[PDB]
Structure formats: structure tokens, C-alpha cells
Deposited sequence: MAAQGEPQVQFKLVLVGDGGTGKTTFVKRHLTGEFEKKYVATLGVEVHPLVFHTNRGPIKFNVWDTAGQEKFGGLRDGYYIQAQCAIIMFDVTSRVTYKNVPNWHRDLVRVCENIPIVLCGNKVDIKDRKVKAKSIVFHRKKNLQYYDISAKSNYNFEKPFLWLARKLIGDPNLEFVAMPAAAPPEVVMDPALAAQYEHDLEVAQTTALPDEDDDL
């Protein structure tokens, strides 16, 4: 296990933190708590070429909460630029994020991601998205909510960093599992009587 610094950039509310959390814990955070500066999160995938670890530098998209700004990109070995397909202004600012990113990270694999494709009223159409071609970025339509192509940016980055385009995610074999009380039935009560979110979802 070698580790690669990934920087995650993009406009406010595009779904960067939601995306990372989804990969870390499996959760879908519905609240928008704006990142202050950066949150570093280790994130491991298991491949047929061994474990690959990313140090995911989850940067802040809002200007006022920006922090060190381009200082977060130093020694980054890859990156994800994120925008929201339900707002044009986040796609319009993709060149600004890229510009600041490639000034520091001159030669690194970058993914461009169009988040929130699960929303019906799509504003940035598929044919509009072409900025990645000249700048040699990989592009994926994604949704942190529906998990649409959620694994692709990491699969692709892993292939480039390890340098094997036949690299695949694999399942690690699971060890056989093993064979407070006054608050555990209190949790079990409030859990049964708290409703599971999104009960209209197909799962």
C-alpha cells in the first residue's frame, strides 16, 4: 500500500463532501454543511493489484470558507473537479478551478465529474460538457445520491496512478465473525420509531 494525495475541488454545494462521505461510510448526507478550508480523509480501495490508498483533500468551494485556496494542491498526485449538472454557474467555473489546479499540479491525472444527474430537471446538458477534451481530463456523469458511476473516478485514477489499465476493484475475503444494556434498548426503541429516509426509493 502506497498512498496518493487526491485534491477535490469545485463550486459550493456541488456535492464533493457528500461524494467522499458516500465512499467513506456509505451514507447519503442530505444536509449542506459547508466545508471550512479542507477535510483530509484517508480512503482505501482494494484492487487486483493490491490496496490503493487515497488521501482525499476535500476542499471548500465557497469563497469565504476557502482557506489556503491553491495551497491545498501542493504535491497532489491526482484530482477531481466537481460541478452540479443542475446549475450552469458551477460548470462555468470549472475552467477557473482547473486553472488554479494545473498551475500547482502541472502533470497529474484529473477527473471532471458532473454530479446530481439523478435530478430530473438537468440544466447542463450532455452535449455542453466538452472542457475536459483539450485539458486531457476524464469525464463522468455521476450521482452521489443514486450512486450512478460513483466508483468511476477512483477506478480511473487508480488505473493511471498504479499504471495498469486492466486494474479492477475486487472483493477481499471476509473473516468469519465472532460467536450499555440500559441505553441499547433505548436506541432500539428510538430506532424502530424513527422512520428510514427515502421510503419511495426502489431500495
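Stretches of the deposited sequence absent from the structure, as judged by C-alpha coordinates, are 1 to 7, 187 to 192.
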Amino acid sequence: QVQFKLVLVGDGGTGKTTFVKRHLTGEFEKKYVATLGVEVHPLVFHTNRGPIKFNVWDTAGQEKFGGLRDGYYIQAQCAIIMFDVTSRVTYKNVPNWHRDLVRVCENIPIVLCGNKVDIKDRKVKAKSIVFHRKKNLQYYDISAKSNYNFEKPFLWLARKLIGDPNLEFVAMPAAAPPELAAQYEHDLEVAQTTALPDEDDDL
From here on, numbers count along this sequence of modelled residues.
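A summary of the deposited B-factors shows that, of 155 to 163 and 168 to 176, the stretch with the larger mean C-alpha value is 168 to 176. Annotation for 11 to 19 versus 190 to 198: the higher mean temperature factor (C-alpha) is found in 190 to 198. Between the residues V85, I74, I110, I129, the entry's highest C-alpha temperature factor is the one at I74.
Sort the modelled residues of the chain by CA B factor and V40 lands in the highest third. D121: CA B factor in the highest third of modelled residues in this chain (values from the PDB entry). Sort the modelled residues of the chain by CA B factor and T59 lands in the middle third. Sort the chain's modelled residues by C-alpha temperature factor and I142 lands in the lowest third, per the entry.
In the deposited entry, the Cα temperature factor of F150 places it in the lowest third of its chain's modelled residues.
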